[PDB]
Amino acid sequence: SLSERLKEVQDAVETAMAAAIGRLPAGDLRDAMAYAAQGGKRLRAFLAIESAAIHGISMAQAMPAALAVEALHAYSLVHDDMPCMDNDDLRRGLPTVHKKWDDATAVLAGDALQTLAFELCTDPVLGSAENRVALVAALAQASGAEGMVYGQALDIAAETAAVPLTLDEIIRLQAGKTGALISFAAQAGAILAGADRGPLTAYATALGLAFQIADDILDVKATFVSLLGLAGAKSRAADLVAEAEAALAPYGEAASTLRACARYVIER
Amino acid sequence: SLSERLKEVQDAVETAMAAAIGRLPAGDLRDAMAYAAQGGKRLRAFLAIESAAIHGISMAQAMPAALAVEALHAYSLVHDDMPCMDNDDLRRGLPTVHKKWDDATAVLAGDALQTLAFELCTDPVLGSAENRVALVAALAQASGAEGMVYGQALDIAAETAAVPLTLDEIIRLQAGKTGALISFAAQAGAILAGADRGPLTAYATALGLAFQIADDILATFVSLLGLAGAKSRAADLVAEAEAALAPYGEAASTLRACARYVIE
């Protein structure tokens with residue numbers, strides 16, 4: 001059951017995240033962080049826990065990694081919603097951090113949520129120091145100027161430009177903006193097991209692009225719908241989900257929960 | 001001698017930082033990062049390099065930590081310079097990042113500079129994985145909601161609070177905002193050698209306070225202690241900084257000179 005499993009992960013992450021932030025000193029900065037990290041479908045946390053499971057690793061052992069990726073995701077949104085960025089008053093129908101506190105508080109809460117993500121990677125519950133440093137390196141690659149921040153920067157620049165982006169450009173944007181962090185989550189189980197990262201990386205590359213394509217289809221400047229056509233976007237998204245499922249053939253029947261997740265990304 | 005030791009550290013950090021940022025994809029973002037991390041006196045880089053030397057660790061083996069604290073410090077500047085924060089138009093004679101690019105590019109460059117500091121901490125040259133993960137935790141403890149960001153958030157509240165803060169309060173405030181990152185840099189050497197961090201921590205505590213106090217000679221320490229009562233205090237704390245390193249004996253001479261120099 002993907003839905004039940006998804007629900008179990010959401011509930012476990014919500015409780016754990018609350019606690020993690022709770023031990024920080026009191027104040028507007030902690031409340032803002034706590035608020036930003038509350039809720040969400042928890043896709044990334046799910047991929048970390050699920051990919052750990054495939055390598056026989058418990059949720060309790062995997063949790064700090066799940067927390068770190070949700071923390072990193074949360075901070076990215078806190079900043080992206082800001083006026084000079086995407087300028088969103090609402091996130092899932094509730095006021096954004098910068099609206100509920102101010103712009104200064106949103107800068108600071110996202111800054112500390114990124115710091116929190118990295119701190120979480122150091123928790124010895126995760127396992128050997130060797131796997132933990134590989135975890136930090138992988139998070140940093142995905143989140144920084146080669147991954148997440150780079151694709152945000154491409155996307156901010158795209159929002160202005162009076163020449164729409166090409167397919168090759170929007171693919172590069174999406175690989176960093178969205179693709180990179182999902183790939184971190186998917187590989188996190190392999191990192192913690194000291195195992196081949198290959199299949200989960202390939203899975204994630206396909207899943208990440210299906211994810212963004214699906215977003216665009218529901219969303220009705222170049223998009224996957226404007227570039228590929230509506231039926232063309234839908235067909236691409238389904239072909240990438242099949243590519244993602246095929247990437248997990250090494251794992252046999254144990255890949256079925258991850259195969260279902262890829263299908264879920266586009267089944268809306 | 002300390003003067004030439006610092007300049008040889010400044011040139012070596014400048015090249016190493018340029019190369020580290022240079023390996024990133026091109027664009028405004030990498031342009032902004034390079035500009036933000038360029039120049040400065042490198043006190044924190046110097047601390048990391050000299051704390052490693054005290055434990056018999058080469059500059060090259062300590063460089064990624066010297067780079068990480070400088071990367072972390074530069075990011076904090078880029079954000080703090082912004083209109084919703086300190087709202088500075090110039091830094092070191094030149095337009096700040098949000099002026100030269102825009103507010104959005106400042107957000108993102110600072111964001112990626114923090115991520116780069118954490119990447120730097122995973123570099124195999126630093127030594128064992130256990131020591132690198134210890135370096136990572138210490139960096140996050142120092143930089144986040146328990147540390148630097150915590151102190152910056154307290155600072156923003158201060159200037160809109162009902163009445164001025166007291167002595168104790170501005171001390172706790174600066175211990176986070178200024179002291180925590182300097183303590184990381186001073187401890188890096190001990191962290192990388194897997195040795196007692198005690199003396200370096202106590203060195204940094206005193207030095208960080210004196211740094212801020214000398215950096216007030218342009219409310220503040222001078223408002224509550226006076227023109228001269230702030231000088232003597234900073235001089236006292238330099239003395240305490242030096243004494244914290246007594247267990248190292250005379251091998252402490254470069255760090256001790258570094259502390260005496262922050263007050264001129």
# chains A, B, ... in the order shown; residues from 1 in each chain; ligands from 1
>>> residues_around(residues="residue 257 of chain A", least_positions_apart="5", cutoff="8 Å", atoms="only C-alpha atoms", output="VMD selection string")
chain A and resid 1 to 2 50
>>> interface_residues(of="chain B", to="chain A", cutoff="8 Å", atoms="only C-alpha atoms", output="CSV table (one decimal) with N, CA and C atoms, in the first residue's frame")
chain,number,residue,atom,x,y,z
B,24,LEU,N,32.4,25.4,-10.5
B,24,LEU,CA,30.9,25.5,-10.6
B,24,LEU,C,30.5,25.9,-12.0
B,25,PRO,N,29.2,25.6,-12.4
B,25,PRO,CA,28.7,26.1,-13.7
B,25,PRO,C,28.7,27.6,-13.8
B,29,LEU,N,25.2,33.5,-10.9
B,29,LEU,CA,25.2,33.0,-9.6
B,29,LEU,C,26.7,32.7,-9.1
B,30,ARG,N,27.5,32.2,-10.1
B,30,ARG,CA,28.9,31.9,-9.8
B,30,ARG,C,29.7,33.2,-9.8
B,79,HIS,N,23.8,37.9,2.9
B,79,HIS,CA,22.5,38.0,3.4
B,79,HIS,C,22.3,39.2,4.3
B,84,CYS,N,16.3,44.1,3.8
B,84,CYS,CA,15.5,43.7,5.0
B,84,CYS,C,16.4,43.6,6.3
B,85,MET,N,17.7,43.6,6.1
B,85,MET,CA,18.6,43.4,7.2
B,85,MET,C,19.4,44.6,7.5
B,103,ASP,N,18.5,41.6,-5.5
B,103,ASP,CA,18.2,41.0,-4.2
B,103,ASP,C,18.1,39.5,-4.3
B,104,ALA,N,17.5,39.0,-5.4
B,104,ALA,CA,17.3,37.6,-5.6
B,104,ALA,C,18.7,36.9,-5.7
B,105,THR,N,19.6,37.4,-6.5
B,105,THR,CA,20.9,36.9,-6.7
B,105,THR,C,21.7,36.8,-5.3
B,107,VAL,N,20.3,36.5,-2.3
B,107,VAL,CA,19.6,35.4,-1.6
B,107,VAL,C,20.3,34.1,-2.0
B,108,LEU,N,20.3,33.8,-3.3
B,108,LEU,CA,20.8,32.6,-3.9
B,108,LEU,C,22.3,32.4,-3.8
B,111,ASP,N,23.0,31.5,-0.2
B,111,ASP,CA,22.5,30.2,0.0
B,111,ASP,C,23.5,29.2,-0.6
B,112,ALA,N,24.0,29.4,-1.8
B,112,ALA,CA,25.0,28.4,-2.3
B,112,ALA,C,26.4,28.5,-1.7
B,113,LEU,N,26.7,29.6,-1.1
B,113,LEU,CA,28.0,29.8,-0.4
B,113,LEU,C,28.0,29.0,0.9
B,115,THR,N,26.1,26.2,1.3
B,115,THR,CA,26.3,24.8,0.8
B,115,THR,C,27.7,24.4,0.5
B,116,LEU,N,28.4,25.4,-0.2
B,116,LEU,CA,29.8,25.2,-0.5
B,116,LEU,C,30.7,25.0,0.8
B,118,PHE,N,29.8,23.5,3.5
B,118,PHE,CA,29.6,22.1,4.0
B,118,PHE,C,30.2,21.1,3.1
B,119,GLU,N,30.2,21.3,1.8
B,119,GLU,CA,31.0,20.5,0.8
B,119,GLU,C,32.5,20.5,1.1
B,122,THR,N,33.8,18.0,3.6
B,122,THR,CA,33.9,16.6,3.2
B,122,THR,C,35.2,16.2,2.5
B,129,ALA,N,37.3,10.2,8.1
B,129,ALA,CA,35.9,10.5,8.0
B,129,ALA,C,35.4,11.0,9.4
B,130,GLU,N,35.8,10.3,10.5
B,130,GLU,CA,35.4,10.7,11.8
B,130,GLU,C,35.7,12.1,12.1
B,132,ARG,N,36.2,14.5,9.8
B,132,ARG,CA,35.4,15.4,8.8
B,132,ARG,C,34.0,15.5,9.3
B,133,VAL,N,33.3,14.5,9.8
B,133,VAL,CA,32.0,14.6,10.4
B,133,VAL,C,31.9,15.4,11.7
B,134,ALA,N,33.0,15.4,12.5
B,134,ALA,CA,33.2,16.2,13.6
B,134,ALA,C,33.3,17.7,13.2
B,136,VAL,N,32.0,18.9,10.4
B,136,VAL,CA,30.7,19.3,9.9
B,136,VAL,C,29.8,19.7,11.1
B,137,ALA,N,29.7,18.8,12.1
B,137,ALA,CA,28.8,19.1,13.2
B,137,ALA,C,29.2,20.5,13.9
B,140,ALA,N,28.0,23.4,11.7
B,140,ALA,CA,26.6,23.6,11.9
B,140,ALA,C,26.2,24.1,13.2
B,141,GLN,N,26.8,23.6,14.3
B,141,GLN,CA,26.5,24.1,15.6
B,141,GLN,C,26.8,25.6,15.7
B,143,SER,N,27.1,27.8,13.0
B,143,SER,CA,26.5,28.7,12.0
B,143,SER,C,25.0,28.8,12.1
B,144,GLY,N,24.3,27.9,12.7
B,144,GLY,CA,22.8,27.9,12.7
B,144,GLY,C,22.0,28.5,13.8
B,145,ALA,N,20.8,28.0,14.1
B,145,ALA,CA,19.9,28.5,15.1
B,145,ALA,C,20.3,28.3,16.6
B,146,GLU,N,21.5,27.7,16.7
B,146,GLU,CA,22.1,27.6,18.0
B,146,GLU,C,23.3,28.6,18.1
B,149,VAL,N,23.2,32.3,13.2
B,149,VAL,CA,21.9,32.8,12.8
B,149,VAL,C,21.1,33.2,14.0
B,150,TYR,N,21.2,32.4,15.1
B,150,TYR,CA,20.5,32.7,16.4
B,150,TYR,C,20.9,34.2,16.8
B,153,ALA,N,19.5,36.9,14.6
B,153,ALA,CA,18.1,37.1,14.8
B,153,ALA,C,17.8,37.9,16.1
>>> atom_distance(atom1="atom CA of residue 255 of chain A", atom2="atom CA of residue 268 of chain A")
21.5 Å
>>> closest_residue(among="B:114, B:1, B:205, B:223", to="residue 244 of chain B", atoms="only C-alpha atoms")
B:205
>>> residues_around(residues="residue 182 of chain A", least_positions_apart="5", cutoff="7 Å", atoms="only C-alpha atoms", output="ChimeraX atom specification")
/A:44,204,208
>>> residues_around(residues="residue 42 of chain B", least_positions_apart="2", cutoff="12 Å", atoms="only C-alpha atoms", output="PyMOL selection string")
chain B and resi 5-14+17+37-40+44-50+66-71+73-74+182+185+258+262
>>> atom_distance(atom1="atom CA of residue 82 of chain B", atom2="atom CA of residue 216 of chain B")
21.0 Å
>>> closest_residue(among="B:3, B:58, B:15, B:51", to="residue 261 of chain B", atoms="only C-alpha atoms")
B:3
>>> residues_around(residues="residue 239 of chain A", least_positions_apart="5", cutoff="12 Å", atoms="only C-alpha atoms", output="MDAnalysis selection string")
chainID A and resid 206:207 209:210 213 232:234 244:246 262:263 266
>>> closest_residue(among="A:162, A:254, A:180, A:190", to="residue 221 of chain A", atoms="only C-alpha atoms")
A:162
>>> residues_around(residues="residue 199 of chain A", least_positions_apart="3", cutoff="8 Å", atoms="only C-alpha atoms", output="list in words")
residues 196, 202, 203, 247, 248 and 250 of chain A
>>> write_last_selection(atoms="N, CA and C atoms", output="short mmCIF file (atom, residue, chain, number, x, y, z; two decimals), in the first residue's frame")
data_model
loop_
_atom_site.label_atom_id
_atom_site.label_comp_id
_atom_site.auth_asym_id
_atom_site.auth_seq_id
_atom_site.Cartn_x
_atom_site.Cartn_y
_atom_site.Cartn_z
N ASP A 196 25.90 0.11 -4.18
CA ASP A 196 25.77 0.71 -5.51
C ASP A 196 24.69 1.78 -5.51
N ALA A 202 19.59 6.45 -11.43
CA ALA A 202 18.93 6.38 -12.73
C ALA A 202 17.42 6.52 -12.57
N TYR A 203 16.87 5.77 -11.61
CA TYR A 203 15.50 5.90 -11.13
C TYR A 203 15.12 7.36 -10.89
N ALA A 247 15.00 1.07 -14.16
CA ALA A 247 16.24 1.32 -13.42
C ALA A 247 16.38 0.47 -12.15
N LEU A 248 15.25 -0.01 -11.62
CA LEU A 248 15.24 -0.72 -10.34
C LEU A 248 15.14 -2.25 -10.47
N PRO A 250 17.47 -4.39 -10.86
CA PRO A 250 18.41 -5.12 -9.97
C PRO A 250 17.78 -5.60 -8.66
#
>>> select_by_dssp(residues="segment 21-267 of chain A", states="alpha helix (DSSP H)", output="PyMOL selection string")
chain A and resi 21-22+28-36+43-54+59-80+97-100+103-120+129-143+148-158+167-174+180-193+198-218+224-228+230-246+256-266
>>> atom_distance(atom1="atom CA of residue 186 of chain A", atom2="atom CA of residue 47 of chain A")
5.1 Å
>>> residues_around(residues="residue 246 of chain B", least_positions_apart="5", cutoff="10 Å", atoms="only C-alpha atoms", output="NGL selection string")
:B and (199 or 203 or 241 or 251-252 or 256)
